[PDB]
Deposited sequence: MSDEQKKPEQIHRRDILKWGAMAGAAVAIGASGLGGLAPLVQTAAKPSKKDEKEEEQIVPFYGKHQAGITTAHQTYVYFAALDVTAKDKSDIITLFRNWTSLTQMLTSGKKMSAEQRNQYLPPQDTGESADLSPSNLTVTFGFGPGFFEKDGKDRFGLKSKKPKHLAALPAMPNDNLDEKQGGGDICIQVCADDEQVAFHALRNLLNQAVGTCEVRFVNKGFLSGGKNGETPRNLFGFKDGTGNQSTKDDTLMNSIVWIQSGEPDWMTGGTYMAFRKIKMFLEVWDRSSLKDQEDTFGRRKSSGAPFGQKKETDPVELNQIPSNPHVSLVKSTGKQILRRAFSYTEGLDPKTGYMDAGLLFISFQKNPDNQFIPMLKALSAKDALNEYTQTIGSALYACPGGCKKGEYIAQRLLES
């Protein structure tokens, strides 16, 4: 059966096996009272449990389910929730009395020299990561979740992505043709995931069992890359394209990252969205998503090192950025982020 458990010590969709498709939405809270947010997450919890477990009538009422996934398998559907800095303090105002529960490292990522950030393509009070092996299943889940948020939230953006693994289980390849994900530690090793991803202490209690999610929308210049020689492509990463093996002003991508001595859990997706109206070429890139218990220690040093000397900067540009705090898992009978009181 293609069912991933929703309840647990941790949220699914983080160490869960990498599905093929993602829908990534961010929302801004427009409700005034925290009680409205409680109702939203209570209904989101009930709906998510129904959608992920495989669960499938008044004619005068609108359909509670939009119905386009009625005959489809759950397809390993997972839904992951997180909170941005604006959820705790907006324009200097503590809107829901949550200042005492703000995570240690929850803040907007520092500016980088080569950034070209669109403010409308990043940030957000709440993030929803919807993953499934079937895009129609993934969109159906996000669509029905967002319909519940009417009156309390405004949808900020909706991104979608794909990533296909090898037919025999090989490491998936990004849009540059290189194997992507080899540097990750095994998600099946609880000891390694507890040291890299999961939070055990030092944070507010609702973060116990949670993690931080970093989001970077990275445009990839496909037309420039495809015109480059194989040598230039392999020199950009410092790895052979087919095998991924190491061979041997700017530094190769992979060795530059390792020089920081830090580790994160990358769980990214490729994306394509028609022709870019300003360039006339395919609009494509990477929905970079990573999980780490401490972004200040693990993730920001990578941004600093790459933003300075990465040869990959010639073929990429970050246009959106966000950092979210993901709560711990939901116990059966509880709702997501129940430390909203």
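Residues of the deposited sequence that lack C-alpha coordinates fall in the stretches 1-55, 112-116, 309-321, 415-416.
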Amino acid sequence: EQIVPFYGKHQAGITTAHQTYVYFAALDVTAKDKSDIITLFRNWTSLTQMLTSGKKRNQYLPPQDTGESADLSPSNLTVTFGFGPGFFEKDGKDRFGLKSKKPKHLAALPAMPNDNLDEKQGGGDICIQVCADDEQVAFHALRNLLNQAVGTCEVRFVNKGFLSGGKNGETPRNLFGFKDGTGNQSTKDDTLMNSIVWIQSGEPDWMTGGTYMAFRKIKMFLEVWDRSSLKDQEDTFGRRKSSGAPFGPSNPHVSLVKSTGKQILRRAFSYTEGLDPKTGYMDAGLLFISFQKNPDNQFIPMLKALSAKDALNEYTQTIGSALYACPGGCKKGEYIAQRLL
From here on, numbers count along this sequence of modelled residues.
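In this crystal structure, the stretch out of 203-211 and 92-100 whose C-alpha atoms carry the higher mean B factor is 92-100. Stretches compared: 326-334, 15-23. Higher mean C-alpha B-factor in the entry: 326-334.
Remark: of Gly285, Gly67, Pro277, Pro301, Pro277 shows the highest value [criterion: C-alpha B-factor in the PDB entry]. Note on the listed residues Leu51, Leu312, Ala31, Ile289: the highest Cα temperature factor in the record is that of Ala31. When the modelled residues of the chain are ordered by C-alpha B-factor, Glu234 sits in the middle third. Ranked against the other modelled residues of its chain, the C-alpha B-factor of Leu142 as given in the entry falls in the lowest third. In this PDB entry, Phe81 carries a Cα temperature factor that places it within the lowest third of its chain's modelled residues. Per the deposited record, the Cα B-factor of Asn174 falls in the lowest third when ranked against the other modelled residues of its chain.
When the CA B factors of the chain's modelled residues are split into thirds, the value for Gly161 lands in the lowest one.
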